[PDB]
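First comes the structure, then the notes that go with it.
Just the heavy atoms: all of them, side chains too, but no hydrogens, waters or symmetry mates, feed the values below. Naming convention: chains lettered A, B, ... in sequence-line order (proteins, then strands); numbering from 1 in each chain.
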Amino acid sequence: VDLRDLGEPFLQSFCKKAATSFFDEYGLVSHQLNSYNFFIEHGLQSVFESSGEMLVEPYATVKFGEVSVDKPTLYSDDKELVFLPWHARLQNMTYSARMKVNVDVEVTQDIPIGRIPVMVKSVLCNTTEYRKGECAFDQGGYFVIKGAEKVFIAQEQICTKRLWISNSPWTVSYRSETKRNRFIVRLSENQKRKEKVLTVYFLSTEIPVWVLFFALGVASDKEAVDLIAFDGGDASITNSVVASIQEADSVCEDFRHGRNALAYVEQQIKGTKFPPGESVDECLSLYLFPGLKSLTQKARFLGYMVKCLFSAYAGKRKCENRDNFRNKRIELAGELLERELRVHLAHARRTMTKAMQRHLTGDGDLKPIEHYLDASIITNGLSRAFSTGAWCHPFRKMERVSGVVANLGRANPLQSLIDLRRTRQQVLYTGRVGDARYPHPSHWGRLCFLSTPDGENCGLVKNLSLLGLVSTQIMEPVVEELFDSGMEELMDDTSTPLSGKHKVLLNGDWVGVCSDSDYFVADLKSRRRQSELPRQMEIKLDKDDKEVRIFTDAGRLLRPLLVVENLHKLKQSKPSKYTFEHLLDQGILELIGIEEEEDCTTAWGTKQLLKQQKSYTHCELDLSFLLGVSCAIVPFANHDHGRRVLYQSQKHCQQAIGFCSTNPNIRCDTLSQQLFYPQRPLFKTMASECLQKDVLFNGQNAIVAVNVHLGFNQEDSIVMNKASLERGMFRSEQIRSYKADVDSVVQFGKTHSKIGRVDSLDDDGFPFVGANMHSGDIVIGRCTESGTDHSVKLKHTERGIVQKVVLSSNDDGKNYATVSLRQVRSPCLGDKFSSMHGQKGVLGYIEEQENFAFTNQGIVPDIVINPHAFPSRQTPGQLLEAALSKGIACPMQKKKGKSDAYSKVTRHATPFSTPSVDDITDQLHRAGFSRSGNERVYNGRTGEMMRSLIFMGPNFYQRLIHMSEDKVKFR
Amino acid sequence: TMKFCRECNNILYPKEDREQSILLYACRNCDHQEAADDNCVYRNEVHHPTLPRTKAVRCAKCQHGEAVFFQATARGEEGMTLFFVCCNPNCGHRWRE
Amino acid sequence: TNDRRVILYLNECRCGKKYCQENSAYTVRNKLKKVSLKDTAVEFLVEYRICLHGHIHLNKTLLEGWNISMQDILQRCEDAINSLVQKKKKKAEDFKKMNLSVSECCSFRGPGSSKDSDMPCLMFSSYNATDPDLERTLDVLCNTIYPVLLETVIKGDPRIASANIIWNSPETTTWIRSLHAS
Amino acid sequence: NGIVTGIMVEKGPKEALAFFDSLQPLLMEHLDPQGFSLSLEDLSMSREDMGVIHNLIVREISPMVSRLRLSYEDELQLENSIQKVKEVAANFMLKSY
RNA sequence: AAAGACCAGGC
DNA sequence: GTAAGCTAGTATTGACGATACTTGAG
DNA sequence: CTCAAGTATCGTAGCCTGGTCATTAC
Ligand SMILES: [Zn+2]
Ligand SMILES: [Zn+2]
Ligand SMILES: [Zn+2]
């Protein structure tokens, strides 16, 4: 079926509807909530059962049963009160739930074991069901630890479900969960001029690999070099294998005879430091390649490992670099909380046994189990790790990493949005890394390559793309449904060769072979598009390595794409606005990971690339969804220099003053700022049309002229209008909170005197609502009894009118008070501003209205900037936005005189699919203006027609939080 | 290329006897000898644009005035001579002087 | 790296003829530049006919493209091996009565990648290793002699690592000269 | 700069500063009833000159860059040739006043 | 008090 | 008393200058 | 019977001002 008859605008409308359905179904914080939900539903039980039972012997055995968690409640009275996160914020409490486990001890009841912090809007939050306590602008995903809001930064680790080939001694390595599972094959010289030989580092014991071959059960050297499968030639490979044979014979005397090699690995394993409590046969069935059944299969896997090393040696295979994100997994709340809970669960069990072992020697006299287990160990450890930032090291024991838990910012809703979507590569000494600080081509579609910090964390902290998803673990077994597509068993004879067949690997474990690989993969992918295989299953066909890799584990980065061959199923459908589930269930869309995307030809978003030539398998939804949430909304963002886009999307949008909250009566933040009249931009990108949010933009639409103003706007200064400021442009409200606490001696009181300045205080020690407090006054009166008090005084620049006074208490007996002060500011002569293209500057002059230069309708500018700023900063997009916006706020003069005068109006400016300049200038020409964007203006002080034409138009400007009256200091 | 033992299936090392020129093969696990099919006992593989170009030498064929030069010699002529070759990819022709 | 670098200049106007300064430049470059025997070796073939005889095989074309003959390679191996058995005399007594021989064509042609005729060969042997076993002879001829016979240099000087030609003329006007000419 | 160094070689104890203090507001007040700006026309190279730029790239720069970048660092001929094309582009773009 | 830890602005 | 259960036991992102050791041989 | 040297480690590797927090009880 041709796709030409579907048409291009139909496909654009479908792309917009499909992205809108994505954002309705998933939101922007699904990657935090899904991970926490998986930890509560599954991973908690896996921790408490994988920990295992134990028996103290000076016998008494204990076993952990099933684990239950119940909703957060308050026991202030002996009533059970519902506990909401705003209660936890205002009372300086931690918002947490109780965990119960039922133990079984024999030498049986339910014991409380700790409190775990609850993520807001998760399955344990009481706000999941204009409720009292909620803001409309808020989504979940944060924690309230001791009254403060914290977030997890996702941690990147290497993928340990594959083999890693180095080249420093030419190593190939297998890793797993257990530290007793590490397996290394090395190709080196353990010594003139020895030939390079093969060595095994298993259980901290160097063994020749030929001995391990005959220990696992192989009979002949010819079938051992069949297990390696040299692919012929390559005299270095033949030299290394005959050197390893005649070096195996130089260590054991006739290892090929019955159980000689097995006795050798007995006496080689057992002589180490800390030998394992096992014979070698149970050592092989336990610690050698977990997931394989027979020793035949372990010999086959060792031959495959040696083949991989020899293929990397000859230059036919590449070494793994850890900057390619197909070798990385991403750890979020479940993966980190499991690791943190295992430490304090072990610390609880360890101080349980040495407390029981006294009273057990001491006759039964055994207590109930709630005595021998302290519950505050887990509770204190989790909250200490949240409130200090020191998590546990991923693989070092007894160590602690530091870049894990961050503070949640609430300056505008966009700063809170981008603080929840970050990713980090932690490094040892910051300042000597490889290509970690740079964009790699495997970031495409999943991490933003334009926005990143510029300090020490430049490039090490990444931002998720808009349509990016983090996968989760699949709990159903998948290996038995692989046989239905043409996969066959891995037999046990170690004598049959397997040439021509491709190997299949499920999470790194070899489970079978397949003869035809270009039918196996295409049938698995067809069964995934009809919802009888899981949607997060990654299938990669590898022609050079002759291999089929399948991944079902957690931590992979996914994104949706159109499936071209199922794309004709829209015509026959109905264009009612879709669900995402219905488009997934018909095979029109797919979720695709980084490794599968290497087998994909994707058209560049543009339907005109797709439908002018059909040599493609997929197509993007939009190219601007390659960027993060603060970079995809920037107009003409591919028209500016990259340092400027970085300035806008990482720094200046977090500092703008706009929306703050919709329920400010229960928010006692340190600083809260807000505009009087926030506006939205005139232009419409694709991401802003798809998310349908207004709080992504924080600023005003100011009319900007580009002109010199008596030398007052040099060196990146700006000139503003006095009358536009008096009518309320950029007028700001600011609320500051001053807090104090006492025990429940020092108390709150009037302090009985005027040691500072006490005018507005009542008997309780707090002022009245509506008081006008001045610098030098006393805001909170903590009268120590019989004098010698410690009150709180306003500093030398802290003013305001009292907005509210809040009195809170704790559960452990501590009182808190908070007083909020309201100020109203219009811009003064050193306040800081910036456009949406990285052109920051300071206000240097405020001009009267009748002194400004004016047009033939009487329009004067609000902001005047210098023309020396444009040839040098490389931000031409600021001229193209202003020329577009002026075209869409003007009336169409109707030279045609038809009905639909405003039908063909251009207003998008989406990145990577911007309008051309002929469309922008034709839009300006239809509105009655010159195409070049400038217009004649009269001089305001003398009245004469000025000789130069001036560029004018509306730009979205932002008022930043750096204000002049806060920078004044004197020593 | 290595060859394996006929009855034990193990690697054969050359055990050319003293009294006779046979170049036998033998096994370090069983007792079995065999005269070799091939008389090569060790074949091994080894090995497991930075030359100056001119500025202003015109070409008699093309319009390109850069023709990369090098001192070489021929098989009957003792002593060296300078050889030119024009640098355009469609040209590729070499000439003395 | 900069401590070992030296800029060499040249004279002016052989007999006042055009295109004669670059000829002196490559004359001194061809005298200096180092190319070794392993830059021409392709395979190492041990033969049985005392008993074991090594065949270093060559490439015919790169001998001609650099104007090397085989008696040259015999001389430039023999002087270096007699110096190395003379200089630093311990653990180097493998060259007691070791033998060398040269031929333009040998055509022994072990099992793979034949050139069939005039594959140039540097045969070598040993005579002091009167061994009752072949397996230790293969060790000495493939792990001591064949390493030191590959890194023998044949054309150029053994100490110069590289000697390339730069046209200079960076409109810096003799960046490391002060008063010569215009 | 020559006029100011003439004044400060023969004129006084503060006369060069007095020269600046009288010159600068005069120049601001001269420019203020005229204005100075820049439009989209200043930033739009023509179709002809852009075609010449793209033709010079696809003719000269791209076949060379697949040769001399494969050599090592001493060949910065790339920078001289792209600077020649940049000279052509600057000669085009300085036609706007 | 003193150090850690974080963030911002510059260089 | 905490040494940071015992914890590994080398078995995973840094990379250079700067100082200090176990060889042969005049 | 000592220089050099081939490792064997040590230790610093951006730096400075701001504002902030949260600081093991045994
Ligand atoms: Zn045998
Ligand atoms: Zn020319
Ligand atoms: Zn030969």
Side-chain angles (χ1 to χ4, degrees), chain A residues 54 92 145-148 150 153 156-160 164 166 168-169 171-176 178-186 199-204 206 269 271-276 320-323 327-328 342-354 376-377 380-381 383-384 386-409 411 415 419 425-437 453-457 460-461 647 650-652 654-655 670-671 795 832 840 960-962 966-967 969, chain C residues 88-91:
Chain A
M54 68 184 182
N92 284 268
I145 308 300
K146 283 305 192 291
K150 307 280 184 46
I153 309 182
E156 314 171 351
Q157 320 290 327
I158 52 153
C159 166
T160 76
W164 267 78
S166 300
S168 176
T171 321
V172 55
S173 162
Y174 175 101
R175 313 167 166 90
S176 179
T178 309
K179 203 159 166 62
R180 287 193 192 259
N181 266 331
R182 286 182 165 177
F183 192 89
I184 285 94
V185 184
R186 200 168 261 121
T199 320
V200 163
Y201 203 44
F202 185 58
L203 281 169
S204 68
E206 272 188 347
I269 282 177
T272 193
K273 314 205 309 173
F274 292 102
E320 263 89 13
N321 58 326
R322 46 171 310 144
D323 296 325
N327 315 314
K328 269 158 148 187
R342 273 193 226 271
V343 189
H344 308 116
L345 183 55
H347 185 281
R349 278 154 55 129
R350 173 157 50 240
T351 77
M352 185 170 191
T353 70
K354 82 185 199 59
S376 65
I377 294 156
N380 274 27
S383 66
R384 174 168 174 85
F386 264 107
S387 74
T388 60
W391 218 255
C392 306
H393 205 277
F395 47 86
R396 259 75 157 266
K397 253 252 210 284
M398 309 230 289
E399 278 202 52
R400 301 226 164 245
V401 292
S402 195
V404 170
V405 165
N407 259 302
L408 184 69
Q415 166 169 342
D419 277 5
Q425 172 59 231
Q426 292 177 335
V427 293
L428 275 66
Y429 175 77
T430 187
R432 199 52 194 88
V433 296
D435 311 343
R437 292 193 189 273
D454 55 350
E456 50 168 1
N457 298 331
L460 291 188
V461 175
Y647 284 169
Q650 188 69 34
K651 320 178 99 171
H652 294 159
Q654 295 185 218
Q655 290 160 195
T670 286
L671 184 57
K795 275 185 177 84
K832 199 165 161 184
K840 58 162 178 156
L960 307 180
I961 58 181
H962 300 294
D966 295 313
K967 310 296 186 68
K969 281 206 57 196
Chain C
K88 287 181 170 63
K89 280 186 175 295
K90 191 62 180 68
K91 273 80 69 175

Counting only side-chain nitrogens and oxygens, does A:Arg384 get under 4.0 Å of the OP1 or OP2 atom of G:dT24?
yes
Taking only the side-chain nitrogens and oxygens of A:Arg175, find out if one of them lies under 4.0 Å from OP1 or OP2 of F:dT12.
yes
With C1'-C2'-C3'-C4' as the criterion (positive north, negative south), name the sugar pucker of F:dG17.
south
Roughly how many Å apart are F:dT13 and G:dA13, using the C1' atom of each and rounding to a whole number?
16 Å
Pairwise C1' distance, G:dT24 and F:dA3 [rounded to whole Å]:
14 Å
Identify whether any heavy atom of A:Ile184 sits under 4.0 Å from a base atom; if not, whether one sits that close to sugar-phosphate; answer base, sugar-phosphate or nothing.
base
Ignoring backbone atoms, establish whether A:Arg182 has a side-chain N or O less than 4.0 Å from OP1 or OP2 of F:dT12.
yes
Looking at G:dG19, I'd like to know if its phosphate oxygens (OP1 or OP2) sit under 4.0 Å from a side-chain N or O belonging to A:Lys967.
no
Is any side-chain N of the basic residue among A:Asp323 and A:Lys328 closer than 4.0 Å to the acidic one's carboxylate O?
no
Does the side chain of A:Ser387 get closer than 4.0 angstrom to OP1 or OP2 of G:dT23 through an N or O atom?
yes
Could you check which nucleotide pairs with F:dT10 in any of the strands shown, counting Watson-Crick or G-U wobble with both distances under 3.5 Å?
none
Determine: side-chain N/O of A:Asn321 to OP1/OP2 of F:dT13, distance under 4.0 Å, yes or no.
no
What nucleotide, of E:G9, E:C7, F:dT10, holds the atom closest to the side chain of A:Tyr201?
F:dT10
Whole-angstrom distance between G:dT17 and E:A3, as gauged at atom P
13 Å
Interatomic distance at P, G:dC15 relative to F:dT12, whole Å:
31 Å
Ignoring hydrogens and angles, are the base of G:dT12 and the side chain of A:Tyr429 linked by a donor-acceptor pair under 3.5 Å?
no
So does A:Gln654 get a side-chain nitrogen or oxygen closer than 4.0 Å to the phosphate oxygens (OP1/OP2) of E:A8?
no
Around atom NE2 of A:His347, are there more than 12 heavy atoms from other residues, nucleotides or ligands closer than 6.0 Å?
no
Mind checking the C1' distance from E:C6 to G:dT23? Whole angstroms is fine.
14 Å
